[PDB]
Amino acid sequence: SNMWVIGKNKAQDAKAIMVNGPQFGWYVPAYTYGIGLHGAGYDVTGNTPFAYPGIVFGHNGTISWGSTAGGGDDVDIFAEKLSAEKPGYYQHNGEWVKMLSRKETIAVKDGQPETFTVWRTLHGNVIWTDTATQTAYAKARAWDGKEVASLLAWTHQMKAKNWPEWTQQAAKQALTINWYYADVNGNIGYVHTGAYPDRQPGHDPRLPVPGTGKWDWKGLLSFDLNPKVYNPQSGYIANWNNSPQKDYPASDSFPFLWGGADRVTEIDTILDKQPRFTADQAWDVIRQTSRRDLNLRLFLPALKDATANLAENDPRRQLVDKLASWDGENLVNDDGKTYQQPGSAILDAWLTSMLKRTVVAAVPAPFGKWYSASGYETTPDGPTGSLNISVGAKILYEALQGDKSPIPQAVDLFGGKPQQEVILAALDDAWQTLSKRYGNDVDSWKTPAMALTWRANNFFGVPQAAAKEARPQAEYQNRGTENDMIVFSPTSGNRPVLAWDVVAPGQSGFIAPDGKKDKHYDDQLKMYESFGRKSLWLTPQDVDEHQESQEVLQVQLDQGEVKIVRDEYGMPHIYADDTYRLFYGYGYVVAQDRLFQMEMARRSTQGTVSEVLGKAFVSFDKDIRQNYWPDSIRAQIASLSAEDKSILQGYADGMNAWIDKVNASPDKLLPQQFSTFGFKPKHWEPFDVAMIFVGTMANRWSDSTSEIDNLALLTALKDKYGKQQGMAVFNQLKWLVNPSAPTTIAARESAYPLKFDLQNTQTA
């Protein structure tokens, strides 16, 4: 997910420009949903994942906002001490506390039900039980009990009109998410939002902690500690899942690192090269970064050095010369199947061999395979997500920097041999594999282009469309699933704010019972591929001028009225006078456009897919039910103010108003996929609505930990290198902080004050 916010001092013909490209993968129907809300204090336009009541990507005429995943460490694992004689009890503060438990049965269409029990302790749900050590590992999220509040903070921030008002909602968003701000006066800002634990001294957040009491969190850190910047000296805020600020620690996941090698530098390079950007140039950064090879910039200096004494007759030299004449941009040939230059295939083969010889060799099996990927891994279907610098490559980059790197190399990744020797040896392996395939002349190689697929299964692996709806795209583009731009105070024109977005394949996922696709089923698919965009309307004049349909709806609760106006791309605009009615119109239009997708997202987020699709989804259903506690979500809803509750209730009731019309005349209104898969849509509740957010936002982007795997790795590293050196190798592969990491907030602005204790920890 990427973002670039350009302020007053860096914007040309405008006061501020915001460009967001969140990366969620490619699906049909679209991952995000375009929506306009007007009334009850709301006047907002934009698009949002899974049609959440809160619009994640948008603006309100005064401020614009967006987000990328935060990548912080908000999840810790508590190793609970089990009892030999007491089943279902654990030790906390000298006593034997009983575990909460709940029994679940997964109903299976044409199959056998599957029963199991989910366990929960004061730390969280139990994710794993090791009988040998009598340990139950419990997952503690700093945001547990704040799921519904995080959804409502995203909804209320839509009404903010300045920095203090917006940061007040940013403080109530408990998930690890980067939030961005821009306004009509040219002010830009950034907050790395979330609830983060206040840990005991010597708590290494990369490894599990005993859950007996001595290591329980002292509570949560204050919002004052969260990295934030307002109008940075640089005049821009750029992010591509990189570090928010100097000394700020990343998530404990072993593949996730923030080091000297970071893809955000690709955006920083473009933004620093010129002093001012127009709206069209800011948007063009998408085209540029989408085609950028991320490894050329990192390894070309070492490759030129290793082949400096070679003449042009040497094949290893011919490979580096081909890389040295390349601009790093990948373009597809007229055939639609191959790249114009072979550089990425050369870097892929070289990196794969380099990693086998360096990082993979140093790490004992079966942990070596964790650092073997080159970052180019793809199938004929194309990459399912973004392309990044791999974890192995990030560690290899530190070793290549050597002296320049702040990471102590506790083990020489080059195993005694000089690095030039290893670099030429990997180049020879790359030459051998690539010449066997394309012949001995590098100038004639037509290497395969990465393709893209708009998947008919959601990110969970569950159908959200018939398989036949999957669409191919010849060019893979390392860009957002959607891209949106907001331009504040443009010098040209009679509008104080301009916005655009692209929601492909289209605004609608509706396919009629006879197979007829809606007019807005795929009318944005070609616009996406060609880096085009469509206008986002906010004012009633713009909405009414570009309208295509207009209808009134009578809310079933109070016979009140809601006006729905759809634009030329099918994007609905809701007009209502109270909170309940507003969200009722929203849920109603979601049910008209994305019923089959939302119903499948509902079953995916609650683990009820097998009920309608069969035994294939049983392990998926079980794992979803094991990863949440329904009573906590229901308690969070039950304790909402009447205003916050009307948002969820209105939305659910609005969906039910359309579902009833659908079930009254299925032969004309039932989405075709309900007939293809053999079931009917049913009513939604505020629970269902909250669980779409929890299951697809909190669980997908804010629930990442690999502490148990980290412990297994550290245990093997101590076995190989000894207790002392093994821990120092762990600090070289999975460092807590790396000061050379490119950061969204400049070091000049501020740094993370919280320093961590290395000596004496839970691993002593």
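Numbers follow the displayed sequence, beginning with 1.
Q: Going by the B-factors listed in the PDB entry, is the mean over the C-alpha atoms higher for 18-26 or for 740-748?
A: Stretch with the greater average CA B-factor: 740-748.
Q: Quick check on the record: does 395-403 or 259-267 carry the larger mean Cα temperature factor?
A: Taking the mean C-alpha B-factor of 259-267 and of 395-403, the larger value falls to 395-403.
Q: Highest CA temperature factor in the entry: which of 348, 314, 85, 321?
A: Highest C-alpha B-factor among the listed options: 85.
Q: Whose CA atom has the top B-factor in the entry, of 461, 532, 416, 506?
A: Each of 461, 532, 416, 506 was compared by C-alpha B-factor; the highest is 416.
Q: Which third of the chain holds residue 368 when residues are ordered by C-alpha B factor: lowest, middle or highest?
A: It belongs to the highest third of the chain when residues are ordered by C-alpha B-factor.
Q: If you rank every modelled residue in this chain by C-alpha B factor, which third holds residue 330: lowest, middle or highest?
A: Tercile = middle for this residue's CA B-factor.
Q: Looking at the entry's B-factor column for C-alpha atoms only, identify whether residue 2 ranks in the lowest, middle or highest third of its chain.
A: It falls in the bottom third of the chain.
Q: Using the B-factors in the PDB entry, rank residue 656's C-alpha atom against the chain and give the third, lowest, middle or highest.
A: As the PDB entry reports it, the C-alpha B-factor of residue 656 lands in the lowest third of its chain.
Q: When the modelled residues of the chain are sorted by Cα temperature factor, does residue 139 land in the lowest, middle or highest third?
A: CA B-factor rank for residue 139: lowest third.
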